[PDB]
Amino acid sequence: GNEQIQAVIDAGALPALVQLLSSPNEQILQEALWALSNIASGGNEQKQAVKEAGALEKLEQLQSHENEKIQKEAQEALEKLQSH
Amino acid sequence: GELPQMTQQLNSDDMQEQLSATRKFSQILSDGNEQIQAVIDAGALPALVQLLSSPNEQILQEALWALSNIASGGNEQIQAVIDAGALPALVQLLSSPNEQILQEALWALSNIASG
């Protein structure tokens, strides 16, 4: 829902994500993509987490990563950060 | 003798982090995702996650699987297991050498995040 991220973000999503967002293991990185995007799409400036993680640049980068699965979801993660 | 007074000096700066979630993808039906919450049980769900702190990868993965079933069920269910310290569990087990355990941890925590 909404306020579960509030707990996840505190539990320490970043300690894992900061490392494995560069993971060579598809299953891991593709999962991390959704784990990141699902928390980043929160509220109360929940998206700050991605900024502290510095995953923004990874995302933009991963968008041109040969693996299309990652490529597509890498940009999906940006959608959670952006605001129109 | 005009007094030319037009100084352009304004700090054009605003943040671009507004309220936008923009989509949430959760399409999964393990059947009984909600049903186990209907059952409730005395303490199966808190136990499921307590099991995750054991030194047995197979107990972990089977319990993590059960968490995942519930976690992909809904918000009502995730918060029931989150309340038992579920977050601690999947994040600690991320330190395991077993790379399939890592992704599974992420998977279950992504489920709970999608509540």
# chains A, B, ... in the order shown; residues from 1 in each chain; ligands from 1

call {"tool": "interface_residues", "arguments": {"of": "chain B", "to": "chain A", "cutoff": "7 Å", "atoms": "only C-alpha atoms", "output": "mmCIF file with N, CA, C and O atoms, in the first residue's frame"}}
result
data_model
loop_
_atom_site.group_PDB
_atom_site.id
_atom_site.type_symbol
_atom_site.label_atom_id
_atom_site.label_comp_id
_atom_site.auth_asym_id
_atom_site.auth_seq_id
_atom_site.Cartn_x
_atom_site.Cartn_y
_atom_site.Cartn_z
ATOM 1 N N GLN B 16 12.611 19.088 -8.218
ATOM 2 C CA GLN B 16 11.705 18.271 -8.972
ATOM 3 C C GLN B 16 11.573 16.898 -8.332
ATOM 4 O O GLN B 16 12.211 15.919 -8.759
ATOM 5 N N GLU B 17 10.849 16.864 -7.242
ATOM 6 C CA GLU B 17 10.525 15.643 -6.543
ATOM 7 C C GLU B 17 9.123 15.785 -5.984
ATOM 8 O O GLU B 17 8.940 16.076 -4.798
ATOM 9 N N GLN B 18 8.139 15.695 -6.846
ATOM 10 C CA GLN B 18 6.760 15.808 -6.410
ATOM 11 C C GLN B 18 6.158 14.420 -6.244
ATOM 12 O O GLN B 18 6.847 13.388 -6.479
ATOM 13 N N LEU B 19 4.896 14.385 -5.872
ATOM 14 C CA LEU B 19 4.185 13.155 -5.624
ATOM 15 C C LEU B 19 3.849 12.453 -6.938
ATOM 16 O O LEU B 19 2.942 12.852 -7.667
ATOM 17 N N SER B 20 4.618 11.472 -7.260
ATOM 18 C CA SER B 20 4.406 10.656 -8.413
ATOM 19 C C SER B 20 4.943 9.283 -8.114
ATOM 20 O O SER B 20 6.107 9.142 -7.711
ATOM 21 N N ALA B 21 4.076 8.316 -8.203
ATOM 22 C CA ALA B 21 4.422 6.936 -8.026
ATOM 23 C C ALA B 21 4.624 6.342 -9.391
ATOM 24 O O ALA B 21 5.592 5.633 -9.635
ATOM 25 N N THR B 22 3.682 6.671 -10.268
ATOM 26 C CA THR B 22 3.683 6.279 -11.654
ATOM 27 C C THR B 22 3.808 4.751 -11.853
ATOM 28 O O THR B 22 4.906 4.226 -12.040
ATOM 29 N N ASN B 75 -1.888 -5.813 1.173
ATOM 30 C CA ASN B 75 -1.299 -4.947 2.212
ATOM 31 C C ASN B 75 -1.634 -5.476 3.602
ATOM 32 O O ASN B 75 -0.798 -5.463 4.509
ATOM 33 N N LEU B 87 11.460 -7.632 7.854
ATOM 34 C CA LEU B 87 12.398 -6.800 7.208
ATOM 35 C C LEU B 87 13.818 -7.248 7.585
ATOM 36 O O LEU B 87 14.574 -7.650 6.697
ATOM 37 N N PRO B 88 14.192 -7.213 8.916
ATOM 38 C CA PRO B 88 15.388 -7.857 9.458
ATOM 39 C C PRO B 88 15.777 -9.187 8.776
ATOM 40 O O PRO B 88 16.929 -9.400 8.419
ATOM 41 N N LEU B 102 19.531 -14.358 -2.233
ATOM 42 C CA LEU B 102 19.548 -12.889 -2.365
ATOM 43 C C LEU B 102 18.352 -12.389 -3.157
ATOM 44 O O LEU B 102 17.571 -11.571 -2.680
ATOM 45 N N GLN B 103 18.225 -12.880 -4.372
ATOM 46 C CA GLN B 103 17.139 -12.522 -5.251
ATOM 47 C C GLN B 103 15.774 -12.853 -4.639
ATOM 48 O O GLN B 103 14.849 -12.066 -4.750
ATOM 49 N N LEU B 106 14.992 -10.250 -2.085
ATOM 50 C CA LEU B 106 14.573 -9.048 -2.810
ATOM 51 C C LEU B 106 13.148 -9.193 -3.308
ATOM 52 O O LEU B 106 12.348 -8.279 -3.193
ATOM 53 N N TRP B 107 12.849 -10.359 -3.827
ATOM 54 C CA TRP B 107 11.550 -10.686 -4.387
ATOM 55 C C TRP B 107 10.453 -10.564 -3.338
ATOM 56 O O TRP B 107 9.410 -9.959 -3.583
ATOM 57 N N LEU B 109 10.684 -8.926 -0.468
ATOM 58 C CA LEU B 109 10.629 -7.593 0.063
ATOM 59 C C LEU B 109 10.049 -6.613 -0.974
ATOM 60 O O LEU B 109 9.523 -5.572 -0.632
ATOM 61 N N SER B 110 10.135 -6.964 -2.233
ATOM 62 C CA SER B 110 9.519 -6.173 -3.269
ATOM 63 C C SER B 110 8.005 -6.393 -3.209
ATOM 64 O O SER B 110 7.216 -5.479 -3.456
ATOM 65 N N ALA B 113 6.761 -4.374 -0.378
ATOM 66 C CA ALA B 113 6.878 -2.968 -0.764
ATOM 67 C C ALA B 113 5.729 -2.542 -1.685
ATOM 68 O O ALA B 113 5.331 -1.377 -1.696
ATOM 69 N N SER B 114 5.172 -3.501 -2.396
ATOM 70 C CA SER B 114 4.108 -3.266 -3.364
ATOM 71 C C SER B 114 2.708 -3.254 -2.712
ATOM 72 O O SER B 114 1.701 -3.149 -3.409
ATOM 73 N N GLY B 115 2.664 -3.342 -1.391
ATOM 74 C CA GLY B 115 1.403 -3.407 -0.668
ATOM 75 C C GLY B 115 0.519 -2.179 -0.802
ATOM 76 O O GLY B 115 -0.426 -2.152 -1.609
#

call {"tool": "select_by_dssp", "arguments": {"residues": "chain A", "states": "alpha helix (DSSP H)", "output": "VMD selection string"}}
result
chain A and resid 5 to 11 14 to 20 26 to 40 48 to 53 56 to 62 68 to 81

call {"tool": "residues_around", "arguments": {"residues": "residue 98 (chain B)", "least_positions_apart": "5", "cutoff": "12 Å", "atoms": "only C-alpha atoms", "output": "PDB file with N, CA and C atoms, in the first residue's frame"}}
result
ATOM      1  N   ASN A  25      24.391 -10.847 -11.806  1.00  0.00           N
ATOM      2  CA  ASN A  25      23.393 -11.895 -11.752  1.00  0.00           C
ATOM      3  C   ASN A  25      22.058 -11.267 -12.092  1.00  0.00           C
ATOM      4  N   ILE A  28      19.049 -11.331  -9.600  1.00  0.00           N
ATOM      5  CA  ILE A  28      19.285 -10.406  -8.506  1.00  0.00           C
ATOM      6  C   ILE A  28      18.992  -8.957  -8.936  1.00  0.00           C
TER       7      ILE A  28
ATOM      8  N   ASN B  56      19.531 -23.071   8.058  1.00  0.00           N
ATOM      9  CA  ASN B  56      19.184 -24.044   7.024  1.00  0.00           C
ATOM     10  C   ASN B  56      18.579 -23.358   5.842  1.00  0.00           C
ATOM     11  N   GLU B  57      19.310 -23.354   4.752  1.00  0.00           N
ATOM     12  CA  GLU B  57      18.905 -22.701   3.520  1.00  0.00           C
ATOM     13  C   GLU B  57      17.546 -23.204   3.004  1.00  0.00           C
ATOM     14  N   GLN B  58      17.271 -24.482   3.196  1.00  0.00           N
ATOM     15  CA  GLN B  58      16.087 -25.073   2.726  1.00  0.00           C
ATOM     16  C   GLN B  58      14.889 -24.621   3.573  1.00  0.00           C
ATOM     17  N   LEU B  60      14.845 -21.753   5.116  1.00  0.00           N
ATOM     18  CA  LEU B  60      14.774 -20.373   4.645  1.00  0.00           C
ATOM     19  C   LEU B  60      13.930 -20.269   3.394  1.00  0.00           C
ATOM     20  N   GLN B  61      14.362 -20.915   2.337  1.00  0.00           N
ATOM     21  CA  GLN B  61      13.675 -20.853   1.041  1.00  0.00           C
ATOM     22  C   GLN B  61      12.228 -21.326   1.094  1.00  0.00           C
ATOM     23  N   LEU B  93      19.686 -12.150   5.445  1.00  0.00           N
ATOM     24  CA  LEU B  93      19.930 -13.301   4.653  1.00  0.00           C
ATOM     25  C   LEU B  93      20.468 -12.932   3.285  1.00  0.00           C
ATOM     26  N   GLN B 103      18.225 -12.880  -4.372  1.00  0.00           N
ATOM     27  CA  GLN B 103      17.139 -12.522  -5.251  1.00  0.00           C
ATOM     28  C   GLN B 103      15.774 -12.853  -4.639  1.00  0.00           C
ATOM     29  N   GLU B 104      15.648 -14.028  -4.014  1.00  0.00           N
ATOM     30  CA  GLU B 104      14.429 -14.394  -3.331  1.00  0.00           C
ATOM     31  C   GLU B 104      14.072 -13.407  -2.194  1.00  0.00           C
ATOM     32  N   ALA B 105      15.075 -12.986  -1.428  1.00  0.00           N
ATOM     33  CA  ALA B 105      14.906 -11.964  -0.378  1.00  0.00           C
ATOM     34  C   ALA B 105      14.357 -10.689  -0.997  1.00  0.00           C
TER      35      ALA B 105
END

call {"tool": "closest_residue", "arguments": {"among": "A:49, A:72, A:60, A:24", "to": "residue 99 (chain B)", "atoms": "only C-alpha atoms"}}
result
A:24

call {"tool": "closest_residue", "arguments": {"among": "B:36, B:4, B:52, B:46", "to": "residue 96 (chain B)", "atoms": "only C-alpha atoms"}}
result
B:52

call {"tool": "atom_distance", "arguments": {"atom1": "CA of residue 35 (chain B)", "atom2": "CA of residue 89 (chain B)"}}
result
23.6 Å
